[PDB]
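Heavy atoms only: backbone and side chains are in, while hydrogens, waters and symmetry mates are out. Convention: sequence-line order gives letters A, B, ...; per-chain numbering from 1.
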Protein chains: 2
Amino acid sequence: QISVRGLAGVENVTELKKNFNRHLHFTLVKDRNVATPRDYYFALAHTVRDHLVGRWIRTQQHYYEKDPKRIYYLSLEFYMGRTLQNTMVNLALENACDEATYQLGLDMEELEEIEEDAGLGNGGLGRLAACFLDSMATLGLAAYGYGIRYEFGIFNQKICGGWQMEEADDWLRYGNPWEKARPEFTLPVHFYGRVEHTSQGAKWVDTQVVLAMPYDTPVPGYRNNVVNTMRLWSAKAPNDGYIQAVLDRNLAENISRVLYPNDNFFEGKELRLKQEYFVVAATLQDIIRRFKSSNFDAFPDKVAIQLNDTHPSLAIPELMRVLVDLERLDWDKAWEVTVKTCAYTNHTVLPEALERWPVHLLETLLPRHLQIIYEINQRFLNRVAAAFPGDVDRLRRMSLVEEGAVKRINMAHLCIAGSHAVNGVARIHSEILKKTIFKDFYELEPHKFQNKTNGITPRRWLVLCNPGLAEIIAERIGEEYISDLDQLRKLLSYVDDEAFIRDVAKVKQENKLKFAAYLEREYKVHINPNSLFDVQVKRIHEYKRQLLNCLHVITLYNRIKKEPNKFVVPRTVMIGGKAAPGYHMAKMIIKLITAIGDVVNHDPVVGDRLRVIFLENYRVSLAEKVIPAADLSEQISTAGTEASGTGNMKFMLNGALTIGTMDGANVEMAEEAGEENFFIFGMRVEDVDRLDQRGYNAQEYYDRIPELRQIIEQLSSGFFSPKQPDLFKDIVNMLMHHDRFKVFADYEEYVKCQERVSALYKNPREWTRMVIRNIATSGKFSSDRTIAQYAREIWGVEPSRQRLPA
Amino acid sequence: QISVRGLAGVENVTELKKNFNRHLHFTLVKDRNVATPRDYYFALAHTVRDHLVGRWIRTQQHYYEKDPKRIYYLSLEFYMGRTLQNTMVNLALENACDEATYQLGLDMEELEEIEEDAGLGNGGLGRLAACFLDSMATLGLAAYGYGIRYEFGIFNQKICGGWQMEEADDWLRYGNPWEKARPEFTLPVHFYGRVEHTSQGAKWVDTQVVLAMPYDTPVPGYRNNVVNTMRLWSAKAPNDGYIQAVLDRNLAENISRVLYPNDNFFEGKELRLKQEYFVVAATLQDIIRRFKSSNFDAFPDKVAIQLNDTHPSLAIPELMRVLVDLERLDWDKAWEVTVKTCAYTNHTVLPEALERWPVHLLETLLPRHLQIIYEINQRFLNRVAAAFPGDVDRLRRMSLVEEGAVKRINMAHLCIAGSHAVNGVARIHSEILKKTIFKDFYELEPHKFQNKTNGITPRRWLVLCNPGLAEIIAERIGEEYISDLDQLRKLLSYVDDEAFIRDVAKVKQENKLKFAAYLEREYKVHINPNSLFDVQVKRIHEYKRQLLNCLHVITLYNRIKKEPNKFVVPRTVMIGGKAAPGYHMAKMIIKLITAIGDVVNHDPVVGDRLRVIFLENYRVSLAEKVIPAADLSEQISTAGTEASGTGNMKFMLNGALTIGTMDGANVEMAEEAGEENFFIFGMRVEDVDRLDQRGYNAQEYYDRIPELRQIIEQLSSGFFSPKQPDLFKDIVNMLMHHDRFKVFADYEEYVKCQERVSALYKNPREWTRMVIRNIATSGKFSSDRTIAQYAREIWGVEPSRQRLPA
Ligand SMILES: O=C1NC(c2ccccc2)=N[C@@]12O[C@H](CO)[C@@H](O)[C@H](O)[C@H]2O
Ligand SMILES: O=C1NC(c2ccccc2)=N[C@@]12O[C@H](CO)[C@@H](O)[C@H](O)[C@H]2O
Ligand SMILES: *Cc1c(COP(=O)(O)O)cnc(C)c1O
Ligand SMILES: *Cc1c(COP(=O)(O)O)cnc(C)c1O
């Protein structure tokens, strides 16, 4: 149909049809009279998966022959989404499969919707891991993603009476055709026990054994015939009254049962620590086994381990344990190897998110690792003492061990000490690390600290989710940009091209019609497709300030009511996201959003000027639908709180304008497109600090802004909760007395800036010209650029766009 | 190689090799440089499974078109064993696959050994279900096996220091290629709740829901291109703090987690009752759904439900519940349908094995079913009262409800009342049912009571496990006997044929050499292959009198020691079996067996005249090895205790002579072969009763038999337990004061009879002639005969040996 989806060759199509019918008959054990649409999806999945296999086997064989340095991306989260369409795109099979399925009388798009998201992540961090895997494969790196195969990913979200309900995401119910179990690579992991010191050295004894069974999922590079591996571990009980013993095996296997959904507040839960050690222990054994199939001085020349936040920080003490206790290297040599091998990416500055494990917990579960951490801490603090003699305060601040109520291990401190490289994930965030929370460590080892601004894969996030936009771009500048996104700059030469302006606006309107229909179908309510689509989709957090958005929405409503017969640019305000299940305020915000919607969407006087929709069950596959449909991207975190963000980049790439704060990668986005092409508002980081020094008094804003005072009175008095007048008292009280994120401080500038958006939207041609200026400068935010920087500046390997043989 | 294994056609072999390599590449995702022998087994399994699929799909399609009456074999146990070889035999693919694998440089026999037993049964009852499925497919019946897919089957047995240790049988670890999940046929099962009586009728409300997900396994008939289905249900939690809720899903799924291994003593465990209801509820919904795809008056013309003992007895109240509460039939009509549909097979008379569920348990878990059982009981006892006016004692004895300490439901009583047919499983057992435990029910409804003597499938139990014996038979009389075993009588005309005598003895010696080697390899100890192979393999039970065997073995030892320099026919005594994990005495017997072995096998004076071996982990695949190797079959249960036995039949078919009591099917076996061709000894049933009336005094035997007294002194004094002198005090005490199975009463006759065995073994030619007389009359004990009798006399359908198209 469209060229960027590849060729439909006569042989190819005939072949695909033959294989499809073969899998239907032999794999599914069905005839065409009894096949459910799910059967058809599965037949297609196996058929496509068949085209991966030779490439997978040869890629892994190639790495054995060439023995390149290997990259191990260690993460607790991989937010993969659906695999079928992505696999077809990267193998150039999409048009052939569309044709082959069409000829069998099937609509491929319908079959794609049957596939479950692999929702093995919470949000940004998990998705970043998934985008990185795609880029690593595309750049021909010998890279492996290592994580946990959770039986249950992020919960499915239902709204009942405006409230979030959580449902178990039973994603494996119907089987996963993408994965291959490898029971023959099963490895023991040890817990509890105690340490004996002998003549030979320390020995970890009387441990409990849990087994780690790997499942491998293929990761295809973009049309380079490279297929890398994602290895996820599953917990299995070892095989050594009777009934209960059998049933008790469940306890060991609980380790890999369920993704922890608390992306706000670190809770030191034992099961979570078990997960962290489990993935680390199984992975390092695998790494070392592979390393030996070809003396540890060469280890860092053959192995890079990237730590996705502190979640796999125990990689550092575990590697020491294996090198010292099992391989019998002396400490210093062992340590040298560890530091040159390991590198740490920090993904937050919010202090309640930092992992600070109680010592008593580590003492019980991982006694040997605690010993090793104490030894690391001692040697580290000896280096600090030597560098800064007398600075006792510095010693306390930098210690891996935090004193107080309960002793804790600061895992971030452990990571900086045990890594040759520490990076943030946007320039402003990496600066804040060096100025504030890791200033002491920076002063000791300035050379360790880097920036690696985040990116998104243009495969999933353009070609896949927005084929029409991809096509009209390819019509002008060819297809090379898909793996070299900087080529998008060539679109600057089309900013005054009348036909390209027409094409860009047509695609957007088509995406909106498509999504408007999807709303009506799956969640039956009607929306004006000619309205401005104002979307904020991301996890629900106070710092991301969905509440600021709520205030703006109520302002528009109050203005309409006041002057009903006046023109306003009509809007559909769409807000979506999951709240962590124990995060009360986030749950109240969702409820407030739906409460506003109930009022606004049923007011006769508003009509279709204003609509407020809560998008249920925001996940990767919903993002692929709504982001192409968006006009305005809401990136309105308080300055200094969003480490980078990545949604921001998805929208830029897909033809929406951004309203946002100078936070995270927004700063670099505005810099690339020019500030005049970006709706910047609010406090800078410096402003927030100035406010904090003199003290944030929210009352001041309530007193001086009549519009704001009206909103707060409405919330209080039950305007938005008639049957429950005081439902939102927690929200008002927080906004008035305990608002860490200074919602009121940015209110005035946000509303003024939102007016400028409405003003520009009134001018289709100039809106679309501004869009082109955004799309055309979004190249920097390709994860290909990000990974190329990791490769050259941290891992010490060169990327490649050269094909492997087919 | 041998003709009964089929043809190796040039196309066939080339095809199999092609498919094998295809599955290795695409299904296993391996090349030949990294393939483990397990990969090769899996590739072969998929290849063979591919030849089942068209036949499976067409068979099920045929049943839809023809809409024959359908047989539902309801069992908690299916002891299937390995599927690969059996599938090849029944599809005639064995020689082709042997050749195809050979040419790929693989030994098929080695690949077969990688397959795990599907050990979803304890022993005789479970295996009978598996033999029945094979016969039902072979006789072209529209039959379905319905059970539970246990995650863990019968435990693996290890002997440590002579003691049984149990290990979880994790049979699904590496996947099951034989099964096909059918998640789209998932069905709810309800538990707990309470009953509301409305205007419409009774309503079962506030229940907990567990889901039942079916897995279908193909059941190929012998070269008739029929493939029936075995459907096994798996428990899955329904999909409607957070972490713990997710983890708690395990509790629902515990229902299908593990096979109950207590084949001796009924324990009223709730989890066991959950299993029984779970299989019954899911199955009846499936039955009814199928019935509707084509008014319930016709139900019994389209449906037969066979109950494998009382384990699925709740089928009767469940069917009433659905007909009355959900379909709104009146009671009488509902009842008529139920009785004409259901039929009950009894498989024991030992009173501690009968299922007698506490009322309080049923009350809580299945409140509605208890109501229905009480109504059944009332109507039933009204019929008894009318038939036998004034016989109040009869009323008490026949009640479904037993009074006493705790009220119980007698499930056997429920089965007789709710079934149109009740059968035993050997003539003597069916007589005992009518004379003793169900005499009252027989007097009421004489027409219900039948015999259906058990059988074994000659496919697994001759062709598969003993190809050489199958071949030399086929050389004389052709292959038709494999599905018509009565043809074996034609071998009577070869009893004086010198060459056939030679062939029969050669095959036996080859089987012994083969098994002797297997011992040395897998469990490193040496055995004289020219000794008489004396084997007793079966679950460890007091009633099966492994202890009597132990006494004989110690007698032979004591006789050798007394007269060391005298000739005795050398023997290898092999005893194997699992004890139920809580069955103390059975665990002591295993220990005694190994204790005897430790003494006998290390005595220099004994040499290789006598060896005692405990066969570890007796299971279906070990039976296929040891039974063809046996000379003497030990079937020595106390008269009246073994309902039938089926091991007995396996050995008869495979060229061993039987020493046994007139118990179970032994009676019919001796009758078929002639008593002069059978080593019969001991009390008849009548003798046991005469002893019981005057009282069993074991002391009497100890006083009068010096040889026996010596054995008891040895056991007591620690002759067989030096470091633990009183280890076997429980065994002695039981034998002397509390022996329900009268071991001493049969001792003298057993030893004399064992001498006659030794005497005949001394004469190879006459031994072998006697063997021929056994093999030649074993035809009756084909499960084909058994199932044909069920079909005609209970189910009301005609068997067929006609082929379906290929
Ligand atoms: O999405 C994110 N989750 C976490 C995080 C959550 C819990 C504990 C630790 C970190 N950090 C985040 O990483 C993304 C990827 O770098 C950034 O784009 C986000 O700004 C940042 O919020
Ligand atoms: O092997 C058997 N197990 C049980 C049984 C076990 C527990 C509860 C109820 C029954 N009955 C048996 O059924 C076989 C098949 O009919 C008979 O050959 C055996 O003689 C008989 O012992
Ligand atoms: C990209 C993405 C995120 C991260 O979005 P931010 O706006 O950076 O928080 C979260 N969830 C999903 C499903 C995504 O696709
Ligand atoms: C046939 C068989 C049994 C039943 O044997 P009996 O001697 O009748 O008790 C038990 N277990 C296995 C593995 C079998 O193959």
Distance-only donor-acceptor screen, chain A against chain B, under 3.5 angstrom:
from	atom 1	to	atom 2	distance (Å)
A:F26	O	B:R49	NH1	2.9
A:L28	O	B:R182	NH1	3.0
A:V29	O	B:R182	NH2	2.6
A:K30	NZ	B:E184	OE2	3.0
A:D31	OD2	B:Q61	NE2	2.6
A:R49	NH1	B:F26	O	2.9
A:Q61	NE2	B:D31	OD2	2.6
A:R182	NH1	B:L28	O	3.0
A:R182	NH2	B:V29	O	2.6
A:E184	OE2	B:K30	NZ	3.0
A:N250	ND2	B:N254	OD1	3.0
A:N254	OD1	B:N250	ND2	3.0

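A 4.5 Å side-chain heavy-atom check between A:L271 and B:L247 finds at least one atom pair inside the cut-off.
Between B:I243 and A:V258 the shortest heavy-atom distance is CD1-CG1, 4.0 Å.
With a 4.5 Å cut-off on non-hydrogen atoms, A:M165 does not touch chain B at all. Contacts between B:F152 and chain A at a heavy-atom distance below 4.5 Å involve the side chain alone, from C-beta outward. A:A168 touches chain B through backbone and side chain together, each having a heavy atom under 4.5 Å away.
Residues passing the side-chain contact (heavy atoms from CB on, under 4.5 Å) test with A:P188, sequence neighbours excluded: A:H190, A:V209, A:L211, A:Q285.
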